[PDB]
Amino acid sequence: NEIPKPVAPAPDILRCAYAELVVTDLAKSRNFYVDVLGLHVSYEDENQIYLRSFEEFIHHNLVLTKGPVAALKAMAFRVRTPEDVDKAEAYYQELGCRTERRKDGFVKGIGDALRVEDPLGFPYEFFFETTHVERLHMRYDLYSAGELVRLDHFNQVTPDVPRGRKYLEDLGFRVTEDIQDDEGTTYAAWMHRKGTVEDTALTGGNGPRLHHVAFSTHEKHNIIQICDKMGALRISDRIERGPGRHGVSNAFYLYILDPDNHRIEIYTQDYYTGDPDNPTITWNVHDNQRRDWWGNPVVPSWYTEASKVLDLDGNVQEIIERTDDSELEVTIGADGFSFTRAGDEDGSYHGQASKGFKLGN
């Protein structure tokens, strides 16, 4: 059921800014994000770790908060002015959503902040005020071979992609690419404020769940190094998918799994989307170069597994099942189909994945 456009003006959103993830063992999670991935510690204590990327000047891009149930607690967007936090509150109230306003922040290093249970069941935060820290962008004495330089985007699993898409468009996100079929189904969409392919993205599936948080690197070899290091640490089982070239976004990518199975994407070298008539690219769901441009098969966990999300009380949001067709099922499932060249039987796949693989039992 369609989400109405409020009369109240949308807040002016700059970018994705940070996620707060609940984690079950804080020391194990620190080992992953600090020792394996090289994120920089802005603050920590016995309950939380606050981490930032190489080029960041706001207080953090990631808060790890200890709790009993691993989940997304908030995805936070920075807004352009303090007054945009008021606009966000009015906007979401008009939408009939539950909201919570804290003048001195939910997490350290953030000031006046609004959290909301959005119409798709996701916990969004909007804030302007944040504690500036040392921007480490020229600290090459600290630079790692796998350095994560920026927070890039979030990706959300939600059952009805068009419903979500219209709501985000009204909030001022522009869709850059999407995946559809010839029968009216949308499987995924990507949308931005900051002028890259994405600040958030919708993946069709049971939800609300958080698919991933993405960080970028400077160069492709930096992503290769993360893989290499995970091999040396004998944690290659935590590399879920990749590395690859995306069709959607044209980025070089890797997906890995934190100790609570929160999925992290490492990403580089997408393209500029800031013009308001930026061409929207629609890929057909059966095109086997859409997700991995080289045609490598998409691991089934990538479609089925995602993180729980919390409501404003800290309880897990109940999952609503997708009734639209499943991307997994129509591409690599038993009645699935994919092609390399449209209309060519050669290099097509019927009821199995590419490259000689089938879905595991």
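So that there is no doubt, residue numbering starts at 1 and follows the sequence shown.
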When mean C-alpha B-factors in the record are compared for 99-107 and 185-193, the larger belongs to 99-107
Comparing 307-315 with 290-298, the higher average Cα temperature factor in the PDB entry belongs to 307-315
The residue of 140, 283, 215, 91 with the maximal C-alpha B-factor according to the PDB record is 91
Top Cα B-factor in this entry, restricted to 224, 85, 148, 233, sits on 85
In terms of its chain's C-alpha B-factors, the third that includes residue 49 is the middle
Residue 323: C-alpha B-factor third of its chain, per the entry, is the highest
The third of the chain into which the C-alpha temperature factor of residue 335 falls is the highest
Sorting the chain's modelled residues by C-alpha B-factor and splitting them into thirds places residue 245 in the lowest
The third of the chain into which the C-alpha temperature factor of residue 170 falls is the highest
